[PDB]
């Protein structure tokens, strides 16, 4: 692709975050024959059912609602859209490492704080280690913005798929482990075990048994013995810089661009990348990003950006 707006988690065969291809169909007949009135301009447009309307190009179809979906962009054929993931076209620095990276994950806190994907992984892994995931009755376990902002828990839990199979599996075990821990139990310390154990409260010797047979001291977690036993600070300025809608320096890509055909300067007023030239005698339809006539490659790779 020239430019990708969308990322999906591709199960088989990529098992990773990949650019996604946006598709649209008629919600009635399910064919690729829905001509939209207006192209999508944001994630709500392609996630909320029936939000967008058009006309099904069948003589047999009265359908007027669009249904959008994604495919992995890395190969021919339905994966889940990772809507918090954005291409970092304005070079916003990451909240925790302060480097410019792309793509980035953008929290739904009021500040729309921005974290690179490597830092997001490290955020996740640190919180898993330290048992600091956050419980929500309506969700299960998740994490909020790294800065601690309110009302910012991640709700589309498929985002934790981006951690990859092993850490995602640790995340999937966390709830059951936490049940044991909140009940006063202990997890087996043997790497590759971590069974949740519920020994009697006052017993220092814990044996992993129904597990792996390991007898450990629940106080120091080493092999059982008689006798006595032998990341979270977010910079305030870094956080202010790392906000999606904060004012930014001008990049090589200008925000007012000439019409590819008539050269007259053109302002963009929404997320959709299909531009219609405002000049009465021009009316060229073109991709804001690519400077070319509007086409289905641009639709699929970057119909809108955020």
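Residue numbers count along the first chain shown, from 1.
Enter the number of deposited residues without atomic coordinates between residue 137 and residue 138, binned as none, 1 to 3, 4 to 9, or 10 or more.
-> The entry has no gap there; residue 137 and residue 138 are joined directly.
Look up the CA B-factors in the entry and say which stretch, 267 to 275 or 30 to 38, has the higher mean.
-> On average, C-alpha B-factors are higher across 30 to 38.
On average, are the C-alpha B-factors higher in 174 to 182 or in 89 to 97?
-> If you average the C-alpha B-factors of 174 to 182 and of 89 to 97, the larger mean comes out for 174 to 182.
Quick one: which of 148, 196, 210, 103 has the biggest Cα B-factor according to the entry?
-> The record points to 210.
Hey, out of 239, 259, 252, 247, whose CA B-factor is highest in the deposited coordinates?
-> Comparing C-alpha B-factors across 239, 259, 252, 247, the top value belongs to 252.
If you rank every modelled residue in this chain by C-alpha B factor, which third holds residue 25: lowest, middle or highest?
-> Middle third - that is where residue 25 ends up once the chain's C-alpha B-factors are sorted.
According to the PDB entry, is the CA B factor of residue 165 in the bottom, middle or top third of its chain, that is, lowest, middle or highest?
-> Ranked within chain, residue 165 CA B lands in the highest tercile.
Assigned third (lowest, middle, highest) for the C-alpha B factor of residue 66 | For residue 66, the deposited C-alpha B-factor lands in the middle third.
If you rank the chain by CA B-factor, which third does residue 231 end up in: lowest, middle or highest?
-> For residue 231, the deposited C-alpha B-factor lands in the highest third.
For residue 118, the third of its chain into which the C-alpha B factor falls | Ranked within chain, residue 118 CA B lands in the lowest tercile.
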